[PDB]
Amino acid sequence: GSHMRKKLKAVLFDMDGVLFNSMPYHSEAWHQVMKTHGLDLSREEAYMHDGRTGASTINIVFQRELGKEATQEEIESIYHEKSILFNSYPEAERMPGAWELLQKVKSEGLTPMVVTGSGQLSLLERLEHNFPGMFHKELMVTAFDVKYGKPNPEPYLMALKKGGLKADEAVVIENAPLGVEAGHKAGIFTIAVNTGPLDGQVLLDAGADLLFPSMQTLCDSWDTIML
């Protein structure tokens, strides 16, 4: 009721496909790097790995394709090449609606947080430049913070702890099924934003409490939702 909305203290955003329009790039880079290394990973499957750490993504692709674990050397080497390729494209731009929403969130007195499986320093160091005054490194969870990462609730549990928050004081904004699942398993109200080429149903099946087709529509409906 009025209780749910009034409990809110923080809004926890994924980065890729939520704040930055970076998913076409990640999909392309993952596909290409695996191809060079000798492994089949489609752009569609690469999309569906959104949320995981680079290390987890690589290990899981190795499991699925070769039926074995990647070594640490393979993880480091492939991740380096993935990063070179990703950074070779014209730098990813803001997702339309993201900045407008963040302004609404801040004006409501809520704390923005980033919870991401990313270790891409280019993107992470561009958060301040793209969303000025919004985020703080002490109020972010990245690949550097976690042992497991999404879909494990771990990164979202860590975010609640960093923010001094209980689960009912936060909302999660996610584009990815594995990220929705992590937020849901951490016990947090989760809003799915279907910014990729996915069936919106898979985000609902992952445990999303609300579904929107874009960040802009979420932004437009922000004052309306949660009673």
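The numbering used is simple: start at 1 and walk along the sequence shown.
Stretch with the higher entry mean CA B-factor, where the candidates are 103-111 and 80-88 = Result: 103-111.
Between the two ranges 68-76 and 112-120, the one averaging a larger CA B factor in the entry = Between 112-120 and 68-76, it is 68-76.
Maximum C-alpha temperature factor, selected from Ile173, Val202, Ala29, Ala159 | By C-alpha B-factor in the record, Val202 ranks first.
If you rank the chain by CA B-factor, which third does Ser42 end up in: lowest, middle or highest?
-> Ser42: CA B-factor falls in the highest third of its chain.
Going by what the PDB entry lists, where does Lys35 fall on CA B-factor within its chain: lowest, middle or highest third?
-> Its C-alpha B-factor, which the entry lists for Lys35, ranks in the highest third among residues of this chain.
Relative to the other modelled residues of the same chain, rank the CA B-factor of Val11 and answer lowest, middle or highest third.
-> Ranked within chain, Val11 CA B lands in the middle tercile.
Relative C-alpha B-factor of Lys147, binned into the chain's lowest, middle or highest third = Answer is middle: the recorded C-alpha B-factor places it there.
Based on the entry's values, in what third of the chain does the Cα temperature factor of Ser22 lie: lowest, middle or highest?
-> For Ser22, whose C-alpha B-factor we compare with every modelled residue in the chain, the answer is the lowest third.
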